[PDB]
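Colleague: Provided herewith is a single structure, encoded as structure tokens, for subsequent inquiry.
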Amino acid sequence: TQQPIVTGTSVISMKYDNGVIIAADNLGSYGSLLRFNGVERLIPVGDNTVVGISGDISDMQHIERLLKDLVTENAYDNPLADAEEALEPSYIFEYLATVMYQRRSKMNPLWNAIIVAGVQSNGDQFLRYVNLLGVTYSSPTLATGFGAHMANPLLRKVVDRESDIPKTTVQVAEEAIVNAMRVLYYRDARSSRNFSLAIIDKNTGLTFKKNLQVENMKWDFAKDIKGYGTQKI
Amino acid sequence: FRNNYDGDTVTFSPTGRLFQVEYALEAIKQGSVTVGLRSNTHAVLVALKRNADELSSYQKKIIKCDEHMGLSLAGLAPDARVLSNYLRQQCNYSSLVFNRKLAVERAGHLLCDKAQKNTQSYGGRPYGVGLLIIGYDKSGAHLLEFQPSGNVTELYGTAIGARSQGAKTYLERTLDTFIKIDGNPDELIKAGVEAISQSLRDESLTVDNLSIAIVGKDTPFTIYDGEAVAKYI
């Protein structure tokens, strides 16, 4: 049993007609102190999977190392490591889910919430969540922490059920996610303006975008708000 | 000579041989014949079950390791049980932890390694059984030949056991033919029974004497015995 020290906030994601999108800001908080700003919380594995992690950062770094080892190991005595026997997004998730549940069962968890986003070899979209309790689930949209409360409602207005997936384009989807990131920056006190976003398309492959920023924010109306009730000036 | 260097597996002979291992191999030759061959869509196992008395059964020579893998044995039955059990666990581990079916080539590597340990350490003994492993994975049909020395080889077809050389030359001849028997199991099996009959001498394959197993594209490893093999005699 432990307690998280350096933490990463929300990880939001969703799937569209040809793939999945996943994003996460670049902050590493230390309680109320916004301590680190160059933190990458999106972990690409191969070119068909991206693992987004929130929660304890030291544990994230540990999971990172676990992931690199998976890749190294899978290549051992594997002439098809970059083909028929390359790591599938579903293998990566099952592995992490197994570790997460084993660790919680030993009462020594990896204090994280994880979303594995990717595209299977047959083209199918893959989006599944696993957390420190070993709990797992799938939905057209997935978000951790604060994003679960504010991002899911927005992303679900785009893809409210399975049938909405084939009707959603990368443009529409990426737009939703980028809007959600801005909302989170407005109401989440542990968020950052800078974030990374990744797209995994069954045709265009893995596109990883770094150093994005929340733009087009509305603050002007703030000048009109004075006092907390009766004050006029 | 030999007598002074064959008291255990931890002793090299003056010419670099390992007699205990060689003697183990001799147990395979004494074993009943079994044949394995594959096309690009299926893999087949044909094994001649040997009986003790005419009041006894014809010992099973094929064990299923998973829905997509299985093998045939020649030699010490108990050792085959130990090795297949190990293979069943390895297949199982792959599914539970990675939600991935074990690659036939990976299984071969695992068996080689498990057998090798029993040839370099004092107190143990080499396995006294030969195995033919067939399976259908993410790279198609596969056939493997396992020897107690720890040597595992991938082939289009082969045979082990007494008079196995018969079936082997036949397959090394029929090669170009059967390797193209795609989409037609009955043909592949018939070709398997034709290779095996090339190692007969004593009797002729009967109904409670023939054992066949197949796996492929849309066929989970299944075993046919008795009446089920009647249409091939």
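Simple scheme: letters A, B, ... for chains in structure tokens order, numbers from 1 for residues in each chain, numbers from 1 for ligands in the order shown.
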Among chain A, which residues does DSSP mark as helix (DSSP H, G or I) when it is run on the backbone? Keep the chain and numbering as in the structure and answer as a ChimeraX atom specification.
Modeller: /A:57-75,89-105,146-155,162-164,170-187,220-224
Colleague: Export C-alpha atoms of the chosen residues as a PDB file, in the first residue's frame?
Modeller:
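What ended up in selection30.pdb:
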ATOM      1  CA  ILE A  57       4.368   9.227 -12.334  1.00  0.00           C
ATOM      2  CA  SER A  58       7.049   7.024 -10.784  1.00  0.00           C
ATOM      3  CA  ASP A  59       4.772   4.042 -11.499  1.00  0.00           C
ATOM      4  CA  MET A  60       4.178   5.345 -15.045  1.00  0.00           C
ATOM      5  CA  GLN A  61       7.938   5.355 -15.629  1.00  0.00           C
ATOM      6  CA  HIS A  62       7.947   1.812 -14.320  1.00  0.00           C
ATOM      7  CA  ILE A  63       5.185   0.811 -16.744  1.00  0.00           C
ATOM      8  CA  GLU A  64       7.151   2.491 -19.515  1.00  0.00           C
ATOM      9  CA  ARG A  65      10.093   0.233 -18.808  1.00  0.00           C
ATOM     10  CA  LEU A  66       7.770  -2.772 -18.725  1.00  0.00           C
ATOM     11  CA  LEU A  67       6.479  -1.807 -22.158  1.00  0.00           C
ATOM     12  CA  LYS A  68       9.937  -1.401 -23.695  1.00  0.00           C
ATOM     13  CA  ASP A  69      10.832  -4.858 -22.376  1.00  0.00           C
ATOM     14  CA  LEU A  70       7.732  -6.345 -23.957  1.00  0.00           C
ATOM     15  CA  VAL A  71       8.914  -5.065 -27.335  1.00  0.00           C
ATOM     16  CA  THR A  72      12.466  -6.324 -26.820  1.00  0.00           C
ATOM     17  CA  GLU A  73      11.276  -9.730 -25.643  1.00  0.00           C
ATOM     18  CA  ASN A  74       8.699 -10.160 -28.406  1.00  0.00           C
ATOM     19  CA  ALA A  75      11.492  -9.706 -30.929  1.00  0.00           C
ATOM     20  CA  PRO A  89      -2.841  -3.538 -28.959  1.00  0.00           C
ATOM     21  CA  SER A  90      -4.965  -6.244 -27.334  1.00  0.00           C
ATOM     22  CA  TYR A  91      -1.881  -8.174 -26.172  1.00  0.00           C
ATOM     23  CA  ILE A  92      -0.427  -5.070 -24.572  1.00  0.00           C
ATOM     24  CA  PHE A  93      -3.630  -4.393 -22.700  1.00  0.00           C
ATOM     25  CA  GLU A  94      -4.158  -7.929 -21.465  1.00  0.00           C
ATOM     26  CA  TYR A  95      -0.599  -7.821 -20.146  1.00  0.00           C
ATOM     27  CA  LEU A  96      -1.052  -4.554 -18.268  1.00  0.00           C
ATOM     28  CA  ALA A  97      -4.471  -5.624 -16.970  1.00  0.00           C
ATOM     29  CA  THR A  98      -2.845  -8.751 -15.611  1.00  0.00           C
ATOM     30  CA  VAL A  99      -0.114  -6.802 -13.870  1.00  0.00           C
ATOM     31  CA  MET A 100      -2.528  -4.231 -12.458  1.00  0.00           C
ATOM     32  CA  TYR A 101      -4.780  -6.870 -10.926  1.00  0.00           C
ATOM     33  CA  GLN A 102      -1.852  -8.893  -9.549  1.00  0.00           C
ATOM     34  CA  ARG A 103      -0.392  -5.798  -7.910  1.00  0.00           C
ATOM     35  CA  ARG A 104      -3.689  -4.787  -6.303  1.00  0.00           C
ATOM     36  CA  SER A 105      -4.086  -8.372  -5.133  1.00  0.00           C
ATOM     37  CA  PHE A 146     -11.526  14.671 -14.303  1.00  0.00           C
ATOM     38  CA  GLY A 147     -11.944  13.839 -17.970  1.00  0.00           C
ATOM     39  CA  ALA A 148     -14.419  11.132 -17.036  1.00  0.00           C
ATOM     40  CA  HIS A 149     -16.705  13.810 -15.645  1.00  0.00           C
ATOM     41  CA  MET A 150     -16.221  16.537 -18.225  1.00  0.00           C
ATOM     42  CA  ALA A 151     -14.783  14.940 -21.360  1.00  0.00           C
ATOM     43  CA  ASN A 152     -17.027  11.890 -21.674  1.00  0.00           C
ATOM     44  CA  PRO A 153     -20.210  14.000 -21.771  1.00  0.00           C
ATOM     45  CA  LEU A 154     -18.783  16.058 -24.649  1.00  0.00           C
ATOM     46  CA  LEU A 155     -17.228  13.188 -26.604  1.00  0.00           C
ATOM     47  CA  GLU A 162     -21.532   1.977 -31.392  1.00  0.00           C
ATOM     48  CA  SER A 163     -23.389   2.900 -34.603  1.00  0.00           C
ATOM     49  CA  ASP A 164     -22.008   6.445 -34.388  1.00  0.00           C
ATOM     50  CA  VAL A 170     -10.903  12.040 -37.827  1.00  0.00           C
ATOM     51  CA  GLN A 171     -11.581  15.757 -38.216  1.00  0.00           C
ATOM     52  CA  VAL A 172     -14.764  15.694 -36.149  1.00  0.00           C
ATOM     53  CA  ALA A 173     -13.190  13.380 -33.555  1.00  0.00           C
ATOM     54  CA  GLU A 174      -9.939  15.323 -33.205  1.00  0.00           C
ATOM     55  CA  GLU A 175     -11.980  18.486 -32.861  1.00  0.00           C
ATOM     56  CA  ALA A 176     -13.988  17.057 -29.971  1.00  0.00           C
ATOM     57  CA  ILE A 177     -10.874  15.918 -28.150  1.00  0.00           C
ATOM     58  CA  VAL A 178      -9.149  19.267 -28.632  1.00  0.00           C
ATOM     59  CA  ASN A 179     -12.234  21.072 -27.335  1.00  0.00           C
ATOM     60  CA  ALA A 180     -12.405  18.734 -24.325  1.00  0.00           C
ATOM     61  CA  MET A 181      -8.755  19.452 -23.532  1.00  0.00           C
ATOM     62  CA  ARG A 182      -9.622  23.149 -23.374  1.00  0.00           C
ATOM     63  CA  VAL A 183     -12.596  22.551 -21.077  1.00  0.00           C
ATOM     64  CA  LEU A 184     -10.391  20.533 -18.722  1.00  0.00           C
ATOM     65  CA  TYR A 185      -7.937  23.436 -18.639  1.00  0.00           C
ATOM     66  CA  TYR A 186     -10.792  25.702 -17.535  1.00  0.00           C
ATOM     67  CA  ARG A 187     -12.160  23.611 -14.664  1.00  0.00           C
ATOM     68  CA  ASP A 220     -13.086  38.686 -21.912  1.00  0.00           C
ATOM     69  CA  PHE A 221     -16.467  38.351 -20.166  1.00  0.00           C
ATOM     70  CA  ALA A 222     -14.422  38.307 -16.943  1.00  0.00           C
ATOM     71  CA  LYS A 223     -14.019  42.108 -17.100  1.00  0.00           C
ATOM     72  CA  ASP A 224     -17.793  42.448 -16.692  1.00  0.00           C
TER      73      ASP A 224
END
Colleague: Extract, using only C-alpha atoms, all DNA, RNA and protein residues at most 9 Å from residue 183 of chain B, discarding same-chain residues fewer than 6 positions from it, and format them as a PyMOL selection string.
Modeller: chain B and resi 39-42+217
Colleague: Starting from chain B, keep only residues with some atom at most 7 Å from an atom of chain A, counting only C-alpha atoms, and report them as a ChimeraX atom specification.
Modeller: /B:97-100,138-139
Colleague: For the atom pair atom CA of residue 135 of chain B and atom CA of residue 209 of chain B, what is the interatomic distance in Å to one decimal place?
Modeller: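 Atom-to-atom, atom CA of residue 135 of chain B and atom CA of residue 209 of chain B are spaced 23.5 Å apart.
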Colleague: Choose the residue, out of B:107, B:101, B:38, B:214, that has the smallest atom-to-atom separation from residue 176 of chain B; count only C-alpha atoms.
Modeller: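 Between B:107, B:101, B:38, B:214, the residue approaching residue 176 of chain B most closely is B:38.
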Colleague: Just the residues within 8 Å of residue 138 of chain A, please, counting only C-alpha atoms, with nothing from its chain fewer than 6 positions along; format it as a list in words.
Modeller: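 Contacts, in chain order: residues 127, 128 and 129 of chain A.
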Colleague: Which distance in Å separates atom CA of residue 84 of chain B and atom CA of residue 128 of chain B, to one decimal?
Modeller: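 Going from atom CA of residue 84 of chain B over to atom CA of residue 128 of chain B covers 13.5 Å.
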Colleague: Just want the 8 Å neighbourhood of segment 4-11 of chain A, counted on only C-alpha atoms, with same-chain residues fewer than 3 positions away dropped. Output as a VMD selection string.
Modeller: chain A and resid 22 to 31 41 52 to 58 111 114 to 115 143 to 148 190 to 191
Colleague: Atom CA of residue 86 of chain B and atom CA of residue 6 of chain B, how far apart in Å?
Modeller: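 Atom-to-atom, atom CA of residue 6 of chain B and atom CA of residue 86 of chain B are spaced 27.9 Å apart.
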Colleague: Which residues are close to residue 223 of chain B, i.e. within 8 Å by only C-alpha atoms, leaving aside same-chain residues fewer than 5 positions away? Reply as a list in words.
Modeller: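 These residues fall inside the cut-off: residues 62, 64, 211, 212, 213 and 214 of chain B.
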Colleague: Create the file for the chosen residues now, containing N, CA, C and O atoms and written as a compact mmCIF listing (two decimals), in the first residue's frame.
Modeller:
# COMPACT_ATOMS: atom_id res chain seq x y z
N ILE B 62 -1.58 -39.39 -29.46
CA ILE B 62 -1.77 -37.99 -29.79
C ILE B 62 -2.43 -37.20 -28.65
O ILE B 62 -3.45 -37.61 -28.09
N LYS B 64 -3.77 -33.29 -27.43
CA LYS B 64 -4.14 -31.93 -27.80
C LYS B 64 -3.54 -30.99 -26.76
O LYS B 64 -3.64 -31.24 -25.56
N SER B 211 -4.94 -43.84 -35.71
CA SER B 211 -5.22 -42.61 -34.97
C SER B 211 -4.82 -41.42 -35.84
O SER B 211 -3.69 -41.34 -36.33
N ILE B 212 -5.75 -40.49 -36.06
CA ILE B 212 -5.48 -39.31 -36.87
C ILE B 212 -5.89 -38.04 -36.15
O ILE B 212 -6.88 -38.03 -35.40
N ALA B 213 -5.15 -36.98 -36.39
CA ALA B 213 -5.44 -35.69 -35.78
C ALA B 213 -5.20 -34.60 -36.81
O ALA B 213 -4.24 -34.68 -37.60
N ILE B 214 -6.06 -33.59 -36.83
CA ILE B 214 -5.92 -32.50 -37.78
C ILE B 214 -6.19 -31.12 -37.17
O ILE B 214 -6.94 -31.00 -36.19
